[PDB]
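>>> Fold the following and give me the result.
(6 chains, ligands or ions: 3)
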Amino acid sequence: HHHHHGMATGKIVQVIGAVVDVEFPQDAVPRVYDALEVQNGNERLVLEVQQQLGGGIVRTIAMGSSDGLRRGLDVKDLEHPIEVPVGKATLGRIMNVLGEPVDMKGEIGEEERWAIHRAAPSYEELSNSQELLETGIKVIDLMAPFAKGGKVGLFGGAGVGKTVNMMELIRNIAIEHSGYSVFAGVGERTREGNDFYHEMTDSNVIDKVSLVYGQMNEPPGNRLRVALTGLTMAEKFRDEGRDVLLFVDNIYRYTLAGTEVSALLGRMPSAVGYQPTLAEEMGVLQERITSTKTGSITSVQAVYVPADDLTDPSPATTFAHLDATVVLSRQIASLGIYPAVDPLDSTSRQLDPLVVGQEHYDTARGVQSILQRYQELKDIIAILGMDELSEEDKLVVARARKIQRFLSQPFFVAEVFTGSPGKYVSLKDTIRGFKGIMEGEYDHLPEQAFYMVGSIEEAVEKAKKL
Amino acid sequence: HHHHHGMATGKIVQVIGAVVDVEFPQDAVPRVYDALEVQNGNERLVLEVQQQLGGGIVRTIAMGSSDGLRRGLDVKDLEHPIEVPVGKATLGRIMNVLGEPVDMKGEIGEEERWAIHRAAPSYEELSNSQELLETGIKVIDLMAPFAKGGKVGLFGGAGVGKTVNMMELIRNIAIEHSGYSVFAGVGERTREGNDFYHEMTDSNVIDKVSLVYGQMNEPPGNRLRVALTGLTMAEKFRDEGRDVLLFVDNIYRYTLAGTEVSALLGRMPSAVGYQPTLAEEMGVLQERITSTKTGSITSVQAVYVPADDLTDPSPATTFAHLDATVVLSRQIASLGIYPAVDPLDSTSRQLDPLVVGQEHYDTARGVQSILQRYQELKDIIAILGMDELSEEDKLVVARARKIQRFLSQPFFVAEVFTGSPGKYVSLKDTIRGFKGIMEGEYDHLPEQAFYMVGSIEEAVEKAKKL
Amino acid sequence: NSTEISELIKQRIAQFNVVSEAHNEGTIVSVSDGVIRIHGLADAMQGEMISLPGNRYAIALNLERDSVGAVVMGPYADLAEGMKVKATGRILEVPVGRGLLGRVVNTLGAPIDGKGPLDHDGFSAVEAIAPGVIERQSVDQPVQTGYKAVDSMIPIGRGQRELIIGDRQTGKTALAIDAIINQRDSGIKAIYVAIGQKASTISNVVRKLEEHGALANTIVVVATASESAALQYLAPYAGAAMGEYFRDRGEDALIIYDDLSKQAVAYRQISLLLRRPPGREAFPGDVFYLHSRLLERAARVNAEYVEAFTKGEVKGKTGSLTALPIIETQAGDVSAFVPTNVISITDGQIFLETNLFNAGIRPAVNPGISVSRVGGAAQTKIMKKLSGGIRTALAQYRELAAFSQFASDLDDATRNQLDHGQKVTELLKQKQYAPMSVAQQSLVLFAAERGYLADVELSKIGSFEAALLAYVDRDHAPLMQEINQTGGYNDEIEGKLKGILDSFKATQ
Amino acid sequence: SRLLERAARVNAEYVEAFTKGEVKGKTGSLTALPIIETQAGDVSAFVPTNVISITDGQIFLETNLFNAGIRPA
Amino acid sequence: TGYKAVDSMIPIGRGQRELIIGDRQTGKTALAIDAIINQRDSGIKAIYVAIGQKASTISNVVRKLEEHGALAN
Amino acid sequence: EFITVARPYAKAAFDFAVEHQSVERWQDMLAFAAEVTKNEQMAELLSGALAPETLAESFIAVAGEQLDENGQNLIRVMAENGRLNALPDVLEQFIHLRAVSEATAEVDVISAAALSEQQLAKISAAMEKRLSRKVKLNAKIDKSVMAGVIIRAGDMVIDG
Ligand SMILES: Nc1ncnc2c1ncn2[C@@H]1O[C@H](COP(=O)(O)OP(=O)(O)OP(=O)(O)O)[C@@H](O)[C@H]1O
Ligand SMILES: Nc1ncnc2c1ncn2[C@@H]1O[C@H](COP(=O)(O)OP(=O)(O)OP(=O)(O)O)[C@@H](O)[C@H]1O
Ligand SMILES: Nc1ncnc2c1ncn2[C@@H]1O[C@H](COP(=O)(O)OP(=O)(O)O)[C@@H](O)[C@H]1O
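Residues are numbered from 1 along each chain as shown, chains lettered A, B, ... in the order given. Ligands and ions are numbered 1, 2, ... in the order given. Next up is the structure itself:
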């Protein structure tokens, strides 16, 4: 994928495997991102030269395949390195792995055509204050203070799903803050694209998100090259006035393709079955999603660890490269609640300490101490009996059950899918209601009438009107 | 020096740091790694050819690297093999590397340079002294008794326990002997020349011993050059007089430099990049320097294991190629004892039945059975607690805890490094006190009365007076 | 013409009588993004720096005939196979000088964000060696660490060598943020080598560390994720460039190091990409060089070392190099060659427990695991003679109180481990940005050592007794500040501390 | 299996042995003691499995009996 | 051999092979020379293969093994 | 026995060194210097030398010495760098690689190597191989014409 200017180069030499050892020019080699569009077979299969060598036979690696080529395929010289087509007009259809499309026509909105290799981390003109963000929820923003343009990690199992995060985040974050939230995908299934995409017809996000997934039918270089579309396409909207927000799928494609491709090329690397390029890609790619002066660059860090491997680079890179990591177990969703994200082990460093204010410190200390001190009064005391239940068991059980079952406010995910409203929860109701009325004051709200209420604002009228 | 002429080894063509290759004619190679005087960048440096080859370009072994020199600087060599110092004249001054000045005073020594290899006696000429030596403590002087002539190997390096055992063992063994010595010293700290050398060099203690200096800031060839200086002064001083003791330490530079320098010289590895001649250097260097007919050599070895590395060649080679196989476990130093030494690892040869006695046999059998039963009864007394216990748990726990907790005491240097005082115990109270505290007579003491106690005076006076 | 060289093949195979390759320049044979073979260079020095295409000091590896391996700083994948180099003069030309304190300094020189103008003494050597034998005496001087137990128990002076390790996600890089504001000046120009930072760490650490204290005497050279071999693995070895202008002159020298093992992966290219030998997690013996003339050179100079290293400038004074290197342990991960060689090459070792550092307590230091090199040698009279038994409170209270949930340790004897055991151990802990000096050790060790402020002190009595006694005694008496001027442990400390503490604390 | 295969006794029908061919070669026993000094019964290599499995006898000891206080090992 | 269980519960024949694995610092090389009074005093044409020794091994093994009943046997 | 090192000696000497009228010096110097050490004296006696001046100057200047600058420079650079130990494909690689501008050689019609002067496809092979002159030689030319119909009919019809 480069701008060819001249179409010369030369012939080839060896073509065994994926090692593109074509003898192009003598003393006129290109750059690293400047690929040579060789005419192998019928299509123009380009190969990215990872390491140039003298004579002409350079160590190049192609994405797909040559579709049956001979030993002397003609190559072509290029000028502009990594010349793909992207821009801020990609929010309308599904994207591919080379700047084209995967759904309809139009190459995922053809607009600009600049360099595909965007800048990683920078300062000077970038925002170094690192401001906080607000998603507009009582169990996401009031329990975890996320930063504006950060790579917040994710953990846990099921419960929420992609429909709750995409449907709830495609309407509340899109209207509450100016910006285009895109997505990605490397290492998915071939059938999920025929079902999950249908969700785009149930929340109206296809016109505001660029689905760039590579599935898994290709190899490592043809499916793991989705980093140029997100960084090259997300930089056009975050550096213009809006705020880009990407979303990754997993780390099996980058870890397996990077470790297998970097370790299976005849060179030694890291230990424990890892490669030496994990610190450069994880450190350079993890620090690139930062706040700037023209817009915050946010990215959903949805990396998958290797079954809690502390000796490999998944726990060190995922736990040391990201910021807050929220976990969602089956206990919060098995009882019949809205939000499946529990309040335990789901906070940042500036959300429960003394680096915020009296609202976050009093709400985090009161909710954390009330939840941790009240979680043992209903589980460990059930094996004996309820005869020794005083004011702490009734007040902690009623306040913990009513606050835990009533704090899950519904967003805009069920407003155009199920029929339940709720709009968005504010920080004043969840921060000024869960620290006073959820401990030992106004004990008039039950368990059935307090459900489906927006933070603590809608729960006040439900105790006397229902 | 004394021709020391001609040589003419040509210029260095392939200078790869320490392994240089200066090509010349057909008669330009050393004789079994002889001395040289190559003028690289500084002055006339030594370059012993460890591996001879054709054409003059041999695998030379020097101290420093080839940094700063060019690939065309002409150098030379020498004709003599070994020309250093070996005598009892350089006693007040430390020997630098071979035999130069390391401290404030200048060292000269004997002008007649002998061989650079230690040579002991045969099978019918080695005067093995069977005199049992007692220490200044209770368990070290009453448990096992090391004989003269043999070197007791002490595993375990610094960072957990080395100064407590080396200070009390070197001070009590060197002060409770009244004789001559020939101990040197290399591989110490950077500030050890103004604290450790000031007491031995200013307290009239190195007046009849050829001491030496050397920190850990040396190169690969400079730290491993203690074979000629140690074997020359130890072999010459051990045979030219009546008695010459030694106290070698810091075995980290010999194992790391000797085991790691073989892989960088063209040879193959062994165990994770180890040397293939560990049995010849360890067996010849550890067995070729013992007590001969001309004089006894009661040396003291100290193996430097990294983080208690008891599974390498130092434990298997030092445990069978030397006298005792002591170690430094973390259970004695982590509990807060006054010994910080592994006394249950191995013992001497004078702890059986004929050469021992009823005190060593009864104390070793009762202490071994009580320590093995109490230390091995954790599977039934730790998980189950004190429910299924009887007289074996209280008697084995009280006798093993009282004898193990009361058998440790200070030894001058071991007293100022902790906080308690230092009192020299005897053999009658320590050897006769095991039949009363572990039987039922002196078992009325508690845990606080047995802490920091010598034998029977501190336990009886502290337990009966407090 | 055995090898395909086009120009050199036909010229060398057709005219071998004229070589002319003694200019120590030429060009390069190939360029595989870092691993470039410099052609020629017969008279060039091995290891000397040379300016190639751009702005990078390309230094050769060894002098193996004419095929020397040059390593240029930065990525060289965009250039073709055949970069023309210049002459190789001499390497080791970093910015040495203690007068560049105050401005922003990076790992490449004296240009950073945003002050790129730092006046130094001159570009000289950076990798300094260790000192001598008799001319290497440790200077015993007092300093403030940040807490009462840290400065009163393990008082590390100028020129010591101790190992420090912190818990992960608990406080291994910040913790005591009042060190720069409470310590003011650290003798001379300070330094702090780090590997792995961004805009939030430099902006929050520079704004928080510079907004409270004096940041005009600290030249920290940190590095981000885009660091090469001379900016990541060579950060702890090139930090002693300006020390010769402070330690080797007459005064002292302050230095620090954070995240030393994290850069060890940067050495993997010298064991895996260079086809060398491996050992612990694919690493050779290069880390052993850190135990030579790098981390083992943190020693104070003596009286005779100040006259030879400075060419006659002090003549009577003694230099010092206080380089305290720390590391971020992964929940107590210190059982390899780096922990054994780093902890065994010096004379001090300290570890931080992860039990109380992440539960909300301010006491992150472990009890009994802290074994510093100085401790009571560099302390004063109020920290070594009167406050020398600091290990008996944590060892006796932790060992006597942690008896598998016991009943009572002789009732009254348990008062120091259950009743009033939290007023001298748990209450005397520095929290977020808590300054400490001689008033905390002298006032807490000269009045609360008998029964004036240590008997009836628990929760309400402990907080009200220390707050009312410290506020009334510190605001009513003026001679107590004199205790911060000299040593102590005399009749004025017992009479003034007992009378002021008893009279000021008797009516709380 | 080649140099260590000399651990079998001959019979009276062997006329070779030493003198040919009557006496001096009847009841010729050839015993062998393969007492290997392992590391506390360390036998998990190719020489331990091949040498211990290729022979006929097998024996092992322990340091707990000799180090606990008993005389037998 | 020298014990009670080595002649009935674990007896060996003349012309067989039996492998053993002694523990470290227990009964490796000390139990095969210390508890062998019948094999050294009964009179048998034995052959020992010692690999790796010194002055203490040759002096203690020659003096202890020669000061019993074997010596020149 | 250069294989991969044979492309530089044959391709680098037929372009830059072809302007000095070196078309006859490479065949006589390469054939005489490479074929003169094919016995059991100059190969074992000259290949086991210590320096390159004795083997290159003695082997390239003592057995006829019919060379000039290309022989001394190529023999000194090849002998000092490691290429003069065999040199068996110097005549075929240098003649076939240097004579590629006018290479005209055909194949065989199941008989003998005729080697026609056909520079292109179907040039002189039709007239030279079909305009007798010669039609069938004594190298099994006419007898091998039935191998296609006999082998194809018998092998293809042998299954039944
Ligand atoms: N002993 C302590 N008690 C309570 N809070 C502490 C303590 N130590 C540090 N903190 C908190 O930690 C915060 C600083 O964290 P810091 O940035 O040092 O983490 P970090 O070292 O970057 O973590 P990691 O090493 O995992 O990257 C401060 O705001 C402070 O409130
Ligand atoms: N038959 C026995 N019964 C009880 N104890 C014995 C017997 N033989 C030896 N010992 C004990 O063994 C000790 C001597 O062990 P020794 O040093 O000979 O072991 P070793 O031969 O070095 O072990 P290894 O061969 O594994 O290196 C003596 O103290 C003695 O008490
Ligand atoms: N008998 C003992 N009782 C209590 N502590 C001890 C005793 N012996 C040694 N120590 C502790 O062990 C530490 C050893 O420190 P250091 O000498 O630096 O390491 P190493 O001993 O590995 O050389 C000292 O700080 C000392 O407090």
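>>> Show me where the stretch 201-350 of chain A has its helices.
Using DSSP state H, counting those that start in this stretch, the helices of the stretch 201-350 of chain A run over A:227-238, A:252-263, A:278-286, A:313-321, A:331-334.
>>> okay, the angle between the first one and helix A:252-263?
Put plainly, it is helix A:227-238. 130 degrees (axes from the mean of the first three to the mean of the last three C-alpha atoms, to 10 degrees).
>>> what residues does helix A:227-238 touch?
A:82, A:84, A:86-88, A:90, A:95-99, A:112, A:114-119, A:179-180, A:182, A:184, A:210, A:212, A:243-244, A:246, A:285, A:288, A:292, A:294-297, A:299 (C-beta atoms under 8 Å, 6 or more residues apart in numbering or on different chains). Just so you know, the C-beta spots here come from the backbone N, C-alpha and C atoms, and that holds for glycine as well.
>>> As a check, name the ranges of all helices in the stretch 251-400 of chain C.
C:286-289, C:305-308, C:337-345, C:381-384, C:391-401.
>>> Now name the helix or strand holding residue A:463.
For residue A:463, the host element (DSSP states H and E) is helix A:459-465.
>>> List the buried residues of that helix.
Within helix A:459-465, the residues that qualify as buried are A:459-460, A:462-463, counting by 16 or more other C-beta atoms under 10 Å in any protein chain shown.
>>> And stretch F:12-29, by the same measure?
Buried residues in stretch F:12-29, defined by neighbour count with 16+ other C-beta under 10 Å: F:12-14, F:16-17, F:22, F:25-26, F:29.
>>> just stretch A:363-381 next, same as before
The neighbour-count check on stretch A:363-381 (16+ other C-beta under 10 Å) flags A:363-364, A:367-368, A:370-371, A:374, A:377 as buried.
>>> Can you show me the CA trace of that stretch as PDB?
This file holds the C-alpha atoms of stretch A:363-381, laid out as PDB (Å, rounded to 0.1, in the frame of the first residue of the first chain):
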ATOM      1  CA  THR A 363     -19.100   8.600  48.200                       C
ATOM      2  CA  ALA A 364     -16.200   6.200  47.500                       C
ATOM      3  CA  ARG A 365     -15.400   5.800  51.200                       C
ATOM      4  CA  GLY A 366     -19.000   5.400  52.200                       C
ATOM      5  CA  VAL A 367     -20.000   3.100  49.300                       C
ATOM      6  CA  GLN A 368     -16.800   1.100  49.600                       C
ATOM      7  CA  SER A 369     -16.900   0.800  53.400                       C
ATOM      8  CA  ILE A 370     -20.700   0.200  53.400                       C
ATOM      9  CA  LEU A 371     -20.400  -2.400  50.600                       C
ATOM     10  CA  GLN A 372     -17.400  -4.200  52.100                       C
ATOM     11  CA  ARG A 373     -18.700  -4.000  55.600                       C
ATOM     12  CA  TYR A 374     -22.300  -5.000  54.600                       C
ATOM     13  CA  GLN A 375     -21.400  -7.800  52.100                       C
ATOM     14  CA  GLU A 376     -20.600 -10.100  55.000                       C
ATOM     15  CA  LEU A 377     -23.800  -9.500  57.000                       C
ATOM     16  CA  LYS A 378     -26.000 -11.200  54.300                       C
ATOM     17  CA  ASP A 379     -23.700 -14.000  53.100                       C
ATOM     18  CA  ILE A 380     -21.700 -15.200  56.200                       C
ATOM     19  CA  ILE A 381     -24.700 -14.700  58.500                       C
END
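>>> What count of nearby residues applies to the closest residue to chain A within chain F?
Residue nearest to chain A within chain F (C-beta to the nearest C-beta): residue F:8, separated by 9.8 Å. Look at residue F:8: counted by other C-beta atoms under 10 Å in any protein chain shown, it has 21 neighbours.
>>> wait, what's in contact with it?
C:1-5, C:9.
>>> in the helix or strand hosting it, what counts as buried?
Following DSSP H and E, one finds residue F:8 within helix F:6-11. Neighbour-count burial for helix F:6-11, counted by 16+ other C-beta under 10 Å, picks out F:6, F:8-11.
>>> what does stretch F:123-135 give?
For stretch F:123-135, burial by neighbour count (16+ other C-beta under 10 Å) applies to F:125, F:128-129.
>>> Among the contacts of residue F:8, which are located in helices?
residue C:9 (DSSP state H).
>>> Can you flag the buried ones in the contacts of residue F:8?
By neighbour count, with 16+ other C-beta under 10 Å, these hold C:1-5, C:9 as buried.
>>> just checking: which of those residues also lie near chain F?
C:1-5, C:9 (C-beta under 8 Å from any C-beta of the partner chain).
>>> ok, longest strand in the chain?
No chain in the question, so chain A it is. strand A:45-51 (DSSP state E).
>>> actually it's chain C I care about, not the one you picked
Among the segments of chain C that qualify as a strand by DSSP E, the longest is strand C:322-328.
>>> May I see the buried residues of helix F:6-11 organised as a markdown table, with distance to ligand 1 added?
Output for the buried residues of helix F:6-11, formatted as a markdown table (distance: C-beta to the nearest ligand atom, whole Å):
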| residue | distance to ligand 1 |
| --- | --- |
| F:6 | 59 |
| F:8 | 55 |
| F:9 | 60 |
| F:10 | 62 |
| F:11 | 58 |
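>>> what's the distance between whatever residue is furthest in space from the centre of chain F and residue F:150?
Most distant from the centre of chain F: residue F:160, at 47.4 Å, with distances by C-alpha atoms, centre = their mean. Noted for residue F:160: a distance of 17 Å to residue F:150, by C-beta to C-beta, to the nearest Å.
>>> now swap in residue C:260 and tell me
83 Å.
>>> can you check residue A:442 too?
From residue A:442 over to residue F:150 the distance is 108 Å, taken as C-beta to C-beta.
>>> Comparing those two, which residue is more hemmed in?
Taking other C-beta under 10 Å, residue A:442 and residue F:150 do not tie; residue A:442 has more neighbours (13 against 10).
>>> my read: the more buried one touches residue A:463, true?
Yes - here residue A:442 reaches residue A:463: they are 7.4 Å apart, a contact under C-beta atoms under 8 Å.
>>> among the buried residues of stretch F:12-29, which are within reach of chain E?
With the criterion set as C-beta under 8 Å from any C-beta, no member of the buried residues of stretch F:12-29 is near chain E.
>>> I'm done for today, thanks for sticking with me.
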